[PDB]
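Worksheet for the structure shown next.
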Amino acid sequence: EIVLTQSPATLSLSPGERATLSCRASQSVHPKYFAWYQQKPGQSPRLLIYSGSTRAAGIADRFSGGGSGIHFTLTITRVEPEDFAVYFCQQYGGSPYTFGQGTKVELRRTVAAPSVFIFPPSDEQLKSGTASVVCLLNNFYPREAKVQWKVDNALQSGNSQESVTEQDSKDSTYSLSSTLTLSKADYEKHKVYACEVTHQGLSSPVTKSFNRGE
Amino acid sequence: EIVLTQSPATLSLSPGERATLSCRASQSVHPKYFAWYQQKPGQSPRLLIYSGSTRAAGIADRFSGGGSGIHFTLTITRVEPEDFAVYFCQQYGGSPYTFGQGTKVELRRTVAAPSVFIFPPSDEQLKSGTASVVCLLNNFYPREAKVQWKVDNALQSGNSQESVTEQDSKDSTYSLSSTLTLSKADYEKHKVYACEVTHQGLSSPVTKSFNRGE
Amino acid sequence: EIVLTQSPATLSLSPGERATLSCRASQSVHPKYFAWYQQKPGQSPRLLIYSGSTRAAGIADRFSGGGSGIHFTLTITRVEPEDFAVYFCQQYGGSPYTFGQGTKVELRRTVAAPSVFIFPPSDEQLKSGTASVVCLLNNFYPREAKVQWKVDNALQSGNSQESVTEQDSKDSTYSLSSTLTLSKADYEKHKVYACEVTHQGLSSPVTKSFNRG
Amino acid sequence: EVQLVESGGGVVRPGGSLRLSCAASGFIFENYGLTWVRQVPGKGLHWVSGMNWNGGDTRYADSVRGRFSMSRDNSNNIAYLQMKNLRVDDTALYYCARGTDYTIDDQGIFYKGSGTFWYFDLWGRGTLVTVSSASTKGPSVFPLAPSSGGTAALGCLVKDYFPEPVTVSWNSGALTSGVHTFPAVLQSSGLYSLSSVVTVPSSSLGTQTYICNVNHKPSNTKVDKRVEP
Amino acid sequence: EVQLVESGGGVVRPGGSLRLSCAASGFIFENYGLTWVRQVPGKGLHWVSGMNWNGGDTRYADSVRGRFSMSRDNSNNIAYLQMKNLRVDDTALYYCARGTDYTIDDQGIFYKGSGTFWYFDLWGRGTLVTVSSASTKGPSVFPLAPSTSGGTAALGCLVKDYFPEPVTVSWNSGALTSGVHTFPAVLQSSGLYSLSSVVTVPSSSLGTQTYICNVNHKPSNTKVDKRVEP
Amino acid sequence: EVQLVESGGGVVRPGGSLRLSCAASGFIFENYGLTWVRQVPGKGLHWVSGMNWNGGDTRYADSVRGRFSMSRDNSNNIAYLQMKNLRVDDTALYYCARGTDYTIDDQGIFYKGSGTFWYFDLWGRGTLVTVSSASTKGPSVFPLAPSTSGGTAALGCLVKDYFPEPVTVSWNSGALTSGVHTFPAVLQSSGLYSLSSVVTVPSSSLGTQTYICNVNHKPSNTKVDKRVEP
Amino acid sequence: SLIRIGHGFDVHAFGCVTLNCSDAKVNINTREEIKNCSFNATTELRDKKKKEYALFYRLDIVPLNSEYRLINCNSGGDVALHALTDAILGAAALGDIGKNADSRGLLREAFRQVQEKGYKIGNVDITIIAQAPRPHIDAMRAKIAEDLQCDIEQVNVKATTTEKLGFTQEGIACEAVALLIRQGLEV
Amino acid sequence: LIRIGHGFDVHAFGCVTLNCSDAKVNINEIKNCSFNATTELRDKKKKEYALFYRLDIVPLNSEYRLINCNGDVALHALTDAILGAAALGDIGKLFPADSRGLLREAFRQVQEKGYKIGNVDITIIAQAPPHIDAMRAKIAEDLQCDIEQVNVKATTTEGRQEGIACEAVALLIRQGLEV
Amino acid sequence: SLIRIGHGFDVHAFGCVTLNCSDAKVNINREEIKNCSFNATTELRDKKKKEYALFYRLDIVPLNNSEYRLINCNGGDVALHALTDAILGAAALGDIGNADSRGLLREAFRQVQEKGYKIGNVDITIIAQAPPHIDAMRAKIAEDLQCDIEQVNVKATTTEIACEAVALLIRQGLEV
Ligand SMILES: *[C@@H]1O[C@H](CO)[C@@H](O[C@@H]2O[C@H](CO)[C@@H](O[C@@H]3O[C@H](CO[C@H]4O[C@H](CO[C@H]5O[C@H](CO)[C@@H](O)[C@H](O)[C@@H]5O)[C@@H](O)[C@H](O[C@H]5O[C@H](CO)[C@@H](O)[C@H](O)[C@@H]5O)[C@@H]4O)[C@@H](O)[C@H](O[C@H]4O[C@H](CO)[C@@H](O)[C@H](O)[C@@H]4O)[C@@H]3O)[C@H](O)[C@H]2NC(C)=O)[C@H](O)[C@H]1NC(C)=O
Ligand SMILES: *[C@@H]1O[C@H](CO)[C@@H](O[C@@H]2O[C@H](CO)[C@@H](O[C@@H]3O[C@H](CO[C@H]4O[C@H](CO[C@H]5O[C@H](CO)[C@@H](O)[C@H](O)[C@@H]5O)[C@@H](O)[C@H](O[C@H]5O[C@H](CO)[C@@H](O)[C@H](O)[C@@H]5O)[C@@H]4O)[C@@H](O)[C@H](O[C@H]4O[C@H](CO)[C@@H](O)[C@H](O)[C@@H]4O)[C@@H]3O)[C@H](O)[C@H]2NC(C)=O)[C@H](O)[C@H]1NC(C)=O
Ligand SMILES: [Zn+2]
Ligand SMILES: [Zn+2]
Ligand SMILES: [Zn+2]
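Chains as they are written, first to last, in this note's numbering: chain U, 3 to 216; chain V, 3 to 216; chain X, 3 to 215; chain Z, 91 to 319; chain B, 631 to 860; chain A, 631 to 860; chain R, 9 to 195; chain S, 681 to 859; chain C, 4 to 179.
And the structure:
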């Protein structure tokens, strides 16, 4: 009934900076019937604000909630290292109660180009009847990046699944892996497999590739 | 004066299915003067049931107690991984209060053969005047197994002890260490030392061995 | 106003022995307004004794406290390995409340001479315009050690910095490292670089040195 | 020690049934309201059901009204969620969380001790509910062999297993830096697949041994595949 | 966080004497009953004694009556266990567990605040009691080096001839924990204990990786750390 | 779970300001007093400020009186410390600690639930406050190459010129742990920190095996891996 | 002439509150049942309530389609009359007898019985001990003097407030004293 | 003359068994007793502590018991009332010992000032109560007055606790007015 | 002659304390309320405990932002208040009429006197959890009521502050 829409979807901050998260409602909500939560990867949510603007027990006054009707807002006056997490809004002015999709406050850092790598299918795996080629993008910031698959200079839509890690705790970078899954037939039909990577930290697309037989 | 005997001694089950434990009393006990406990390796017991059938704090409704007179049973409906432990019954309807001997609810898994290793004595130990020959059985299931020591195909008896670990957390397997204790005089008097192992997962008995000297 | 002076600075003990730590106040302090703390490297202080002589929660009977006027003492009847740490005396009979400088109770072991090593500046570092020579005293006891640099048989003052590790947990020794930092210019001008180490477990001052090239 | 504990999760087939239990401890259970919340790992939260102190007020989300049934038993400090006609959409991590210990009606008057389910301060750990026709299967481990320069990259392919989770290590725990294990993905075959990679100097390829240790309890599979050029 | 803590356990020779102490926290001690329980590691639990809120209903097990005695001092939240004439059989780990905060008589009437020792919800850490004439000694540790048993290898160390228990064993200061198995100790005829700890390692790692056993026997304040190599 | 959590630390320039928060959990916060205590990592403890149950009794250390300002909010269980006009001398690690749940006056009266700041049973883990004019900078790492004495060889890295603390260093991706010594950093005259990590290896091992130190510095998101060879 | 004094005391309380209940477990152990109910209690602030529990008899509650309500219900005048009633009867040695008859009825029935015993009212003085807040005491006096067949100057009503002393609640009480007199003048 | 009096008394009751210690004395005879309390539910009891004076209790062969027990709450309140009407203070000024005998001495001290009982009324305040004419005839024979001059009644109060209280008023008239 | 009976009652706090009062809310839907803290007493000697409680602003007086005390900080003020309420109620007057209770007692006696009444007798019983004088007090209120001490009675019944009071008034007169 009432859907909540948070903005921005990601907020890339350096420690000590101010944060401001918006959450827009499809319908008016009473200002005192709102709540925010924090969640870090692998943990349960943690109540931050309830009743629009009241802080919960154990929440410093860095956090402050507010808003009325259609615009609600969560302000972190000085982001602490422990404050880089995911923040949800939640309304209880009318049932069914609902959450936003979440805002992610990541740690901002200097641009870092990926180190690209390609792996050819295993001999073991070839016997089983399928072939999986994986393309690795190690230690890059920011997260936005494109990976395309080329077989004999022809692009493939689908047959590719990507997975990305959480921002590293040490260097604060991301890592991606795209896997190209094929059968012995469609794999032996062709000869050259390449992986084309583009990123803010790359002047021009880098590519890694190999020819089966090596 | 009142002694409690529960069966079975071990109840090997796989998550999801039912576990029914029994606790038999020598004389009649009031149905609401009975209790059960759970204990995992290296922890203290925790109360599951008191007053015969009323659950304790934090105890979900998969645990269910009951009984009267001489027949008391605890029954877990949908076994979960956190439930594999040893379960003691206790009656307190007549002094002295007493516990049972303990039913062990272990995890059932597919048969696995043991990886056998024999370790000859250490030079450092041999100087002191005593030698110890260790045989290791590793990553096997079920727990039942046999270990025979032979010194020049001579069966040794009354000079070796065995010790087994608890069901591995990650693998769901046991490991065993038979230790043969001999004196330097008697160890240097023979030459072949062998460890014969029988197990359900072995077609035939396995032997590991070494020759004193090298 | 009220100054707590603890003694000794360091108390070398073996497990089983008695530990008597004192805290001398500049002014009389009510005997029941005193407190003792244990602290471990990398952890936050733990309360041992409050109200002068009362053990806190979890504190074994090994720990006993007392005192009156200006002399207060903490007594550990038979030290165990867990007890090696630093101990602070804290008074709260007068504002502002204050701690002692602390007393380190360390495990005593046999004497051990340092294994000395010297490292010349890397050629990577020399381009940058600075030169760092590292002398490494390794695996010694007791902690008290001297280290003095020499360049062309000329003593140095005010260009070397020492760091010392916490007592190791396996062999119970320390390790120190002094680092002579020079300019690239001043480094190319001399030739001999020496590190003289004095230590209780050394019969005579050991020296390790080198010639650039 | 105030806690909530979910149990009764696991695998279940489409159109099947399952019932979750949340067991409270350390607080007056009948004074608070309760909620169930579900979250698929990685994505956001979604409200499921809610319940006040005695059960007189029970509401559901659009996506579960008519399929879920929340109940509680203040005598034993426990709350249930009975689910019918499970779809595959319903796969997620199911939290149980504590509501308020108070309520307020449309006229603005305060009732202590009559908790409702507005905002949630205490959260359970979360029990996973997987809805799949897939049959429990251990993983096939395949090496990802390197070709380089100054730094090299290698890893393991944990492919075709069910259900989650899987735990991977490198060299029996000695390798900590440079390891990256990617979140699993759900293949069209209904089985999961993830990859694990590690950064390594090009010099130690011939010198040093690199073993990846994949362990999948639901099938009692443990495998230590070696990776070489 | 309510908690119980035992203390005072250690060594004592047959026919000796020893006194245990249980310290409570976080609840109205005067309302609850109390019990002691003994347990050998690996084997089952055995009830020792139990008392009510004030000590006017103290009972003991058939093996313990007239031999141990149990009391309590509600003023300072503490209970004791007086033991005399210790046989060697009495060797075990001695728990302290909390009873109920109520009690019922033969008419069916309920007394709140008058706890007893029926079922037990709060259990202590457990203090160890070893009754053995053997004198305290320290562990001598020996290595178990490999030979080429397939692809995977195995190695470990042998802690022999120590008393009393326990003894902790880790690998590489606690780093290595996968494939590791440490076996329970076994009481030898000489009066002393013995343990063995083992690890599975790939055969390839001959001299590239290092392996150190980290044994600690606090009762003698000894700590050895011997490496293992082929 | 009785817990204290400090926040708000970080780097600030001389004459600056900063505000620390303390967050409590698991006890009646308004029944207890509170104190701030600061400690330089290598050195000892120094009392900063303290306040009783309601803030009606607040006192400060001689060094900070006139600059620091303590306060609390019992509705949310948070205590604060306002720091104004910081000196380099104020550089330290700031603790939040819990006082007592009672108090006594000059006449002998024991007031329960009116706690004060005498002694401290619960401590936070501490938040670091660095007062420097230095600008965040990642380290230049240099190798410490062997060959000079012994049967074993000394080896290391030099993590020079970084700010603020800390840097973390490991060897061979964390595989080499035995014989490692990482020294506490030291503040150089230039305002930047430097340290060095060394290791002892077998002299035979220099030719065959490869040794690499891994230096990470979160403040600048720097992560370098430097090869060390003769 | 004969002259007699009386004294009354009464606390009626527990407003109408819907009772959300479940049977108890208590034989005697004639056995009556008796249940453990829950309700929204009242506090000292109008717009704030509190959950409480108390044991109620099943023959003193009427199920309202597991929901019940206690027979009789609110209510500051009802205690004063009951107290004054006990006082009138007390001065003439009649005790107390009665569900919930009109409290104004019972007061008039007590007066009719002392009246046939040869007594009228001399004066009356009533004290209301409550936690709230002179609103309507003169409305009470009139209604009281009318049922005792005297004049308002023979009826006094008061209220003491138990709030100058702190508070943190429920209830309202009343004490009364009456003076009876023989009717019969010698003119 | 005509005179009016008021009395008040309250006793926790009711014949329990006390387990008393030597109390606490820290200054710069009182005891501390523990007993099984009684709640309005019969089969349920509750531990509870209380300070009592060694004079208000009686031992047994620590272990003590309340002295009044049992009623005797109305006699005290009525006594005070009869004394107050005559301006003679409190019970404690009487000296002799049974609750009923204290009232008899109070009336003897009242007719010594020249007053008979005109009219007496007693109000008992309880939690869950009957035999009132019984108590009412004992007051009448002790005050040398007809039963129609004594009135006794009880009002009630229906989580858990106990206690019994009472107020009494008395009117005195000068005796010997048959001139 | 005409005779009249009266009854009064008052309750005051045992001793004076200071209150640490924070602004609460009456829930608007003058009347003000505070939520205050104070050192409450216990049975032990010189052992207080912290307790909260609610107070009407009408009964507390501030000290001068968040600190107040009780108005009746004084021990017969509780007795005299109940006695004025007793003689007033006999003559059918009201409850009541600031400070100086003994002046209020003299005022209550002149208002019944204009109605032509005098004291016949009074009986005052004080009730205290912790049990002096009183002969001093019953001689003082015999001065303000203008009567013999033989017709003024005070007593104190205790539990092994509150006060009840009854008054009887005799018309002014009388002819032989
Ligand atoms: C202390 O006192 C408090 C308060 O009295 C008490 O707490 C209450 O307890 C009662 C009994 O347990 C609770 O009763 C339930 O209340 C539910 C309220 O539901 C709300 O939402 C409903 C759905 O909203 C729709 O409409 C909106 C548009 O606005 C739309 O967007 C939505 O999508 C949705 O479709 C709504 O129906 C409901 O309003 C109803 O009630 C009022 C009556 O005053 C009426 O005016 C409305 O028109 C409508 O009828 C409300 O807005 C309710 O759903 C639930 O319903 C059941 O009730 C009956 C009786 O069993 C069944 O027949 C029926 O089929 C349902 O099963 C039930 O009535 C109440 O919610 C509590 N109040 C609060 C504030 O929490 C405590 O228990 C007391 N303490 C003690 C110790 O006793
Ligand atoms: C609130 O009220 C409660 C209840 O009153 C109160 O709690 C009670 O506290 C008192 C004092 O602390 C307790 O008194 C003790 O009761 C013990 C009962 O022992 C039982 O078992 C004895 C032996 O066991 C049996 O062994 C075999 C096993 O199979 C069995 O066959 C035998 O038959 C035997 O029973 C047994 O002796 C005893 O038997 C009873 O015998 C007849 C049977 O009809 C009965 O009439 C007797 O009264 C006797 O009890 C009983 O079955 C008991 O151990 C203990 O006796 C010792 O006490 C003193 C030491 O203090 C010694 O001097 C004495 O010689 C005995 O050795 C003592 O009597 C009482 O049990 C508590 N009640 C409950 C329910 O726990 C609270 O304190 C109250 N709170 C406050 C604040 O006051
Ligand atoms: Zn009534
Ligand atoms: Zn009395
Ligand atoms: Zn007054």
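Every residue gets a Cβ at the ideal spot worked out from N, C-alpha and C, and that includes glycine.
Inset, instruction - Would you list, in chain order, the members of the region 99-112 of chain V that have their beta-carbon closer than 8 Å to a beta-carbon of chain B? - result: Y99, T100, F101, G102, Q103 and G104
Exercise. Go to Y189 of chain V, then tell me how far its alpha helix (DSSP H) extends in each direction, as first and last residue.
Key: Here residue 189 of chain V refers to the residue found at position 187 when the second sequence is read from its first residue. Here the alpha helix (DSSP H) through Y189 of chain V covers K186 to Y189.
Check your understanding: What separation, rounded to the nearest whole angstrom, lies between the Cα atoms of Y39 of chain U and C91 of chain U?
Key -> Stepping through the first sequence from its first residue, residue 39 of chain U is reached at position 37. Stepping through the first sequence from its first residue, residue 91 of chain U is reached at position 89. Distance from the CA atom of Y39 of chain U to the CA atom of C91 of chain U, rounded to whole angstroms, is 6 Å.
* Asked: For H136 of chain C, is the beta carbon positioned less than 7 Å from some heavy atom of ligand 4?
  -> Stepping through the ninth sequence from its first residue, residue 136 of chain C is reached at position 133. Because no heavy atom of ligand 4 lies under 7 Å away, the Cβ of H136 of chain C does not count as near it: no.
Go ahead and label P104 of chain Z buried or exposed: buried means 16 or more other beta carbons lie within 10 angstroms of its beta carbon, across all protein chains shown. In the fourth sequence, counting from the first residue as 1, residue 104 of chain Z sits at position 14. With fewer than 16 Cβ atoms within 10 Å of its Cβ, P104 of chain Z is classed as exposed.
Exercise for review: Sort out for me which residues DSSP pairs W38 of chain U with in a bridge.
Suggested key: Position 36 of the first sequence, counted from the start, is the residue given in the question as residue 38 of chain U. In the DSSP assignment, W38 of chain U is bridged to U:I51 and U:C91.
Simplified DSSP state of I145 of chain R, which is helix, strand or coil: For the purposes of this step, residue 145 of chain R is taken as residue 137 along the seventh sequence, with counting starting at 1. In the structure shown, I145 of chain R sits in a helix (DSSP, three-state: H, G or I).
As assigned by DSSP and simplified to three states, the class of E82 of chain V:
Stepping through the second sequence from its first residue, residue 82 of chain V is reached at position 80. Correct three-state label for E82 of chain V: coil.
What residue range is occupied by the uninterrupted beta strand (DSSP E) comprising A783 of chain B? Position 153 of the fifth sequence, counted from the first residue, corresponds to residue 783 of chain B. Unbroken beta strand (DSSP E) run through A783 of chain B: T782 to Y792.
- prompt: Near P43 of chain U, what residues of its chain come up, given a Cβ to Cβ distance below 6 Å and the 5 sequence neighbours on each side ignored?
  reply: Here residue 43 of chain U refers to the residue found at position 41 when the first sequence is read from its first residue. These residues qualify, in order along the chain: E168.
(message) By the DSSP assignment, the beta strand (DSSP E) with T257 of chain Z in it spans what residues?
(response) Start at 1 with the first residue of the fourth sequence, and residue 257 of chain Z comes out as number 167. From DSSP, the beta strand (DSSP E) with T257 of chain Z extends over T257 to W260.
Check whether the Cβ of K742 of chain B sits closer than 7 Å to any heavy atom of ligand 2, and report yes or no.
One-based indexing of the fifth sequence puts residue 742 of chain B at position 112. Every heavy atom of ligand 2 is 7 Å or more from the Cβ of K742 of chain B, so no.
Q.
Within 10 Å of its beta-carbon, does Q737 of chain A have 16 or more other beta-carbons around it, so buried, or fewer, so exposed?
A. Counting from one through the sixth sequence, the residue named residue 737 of chain A turns up at place 107. It counts as exposed.
Problem set entry | Distance cut-off 7 Å: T757 of chain B Cβ against heavy atoms of ligand 1 | Here residue 757 of chain B corresponds to residue number 127 of the fifth sequence, with the count starting at 1. No, since every heavy atom of ligand 1 falls outside the 7 Å radius drawn around the Cβ of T757 of chain B.
Might you give, ordered along the chain, the residues of its own chain that have their beta carbon closer than 8 Å to the beta carbon of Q177 of chain R, omitting 5 neighbours on each side? As a working mapping, residue 177 of chain R is identified with position 169 in the seventh sequence. Around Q177 of chain R: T51, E52 and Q139.
Would you say the beta carbon of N799 of chain S is closer than 7 Å to some non-hydrogen atom of ligand 5? Residue mapping note: residue 799 of chain S aligns to position 119 of the eighth sequence, counting from 1. No, ligand 5 has no heavy atom inside 7 Å of this Cβ.
Short of 6 Å in beta carbon distance, which residues of its chain neighbour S115 of chain Z, apart from the five on each side in sequence? Order them along the chain. Here residue 115 of chain Z refers to the residue found at position 25 when the fourth sequence is read from its first residue. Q93, listed in sequence order.
| query | Is there at least one non-hydrogen atom of ligand 4 closer than 7 Å to the beta-carbon of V87 of chain R? | reply | Here residue 87 of chain R is taken as the residue at index 79 of the seventh sequence, counted from 1. Checking the Cβ of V87 of chain R against ligand 4 gives no.
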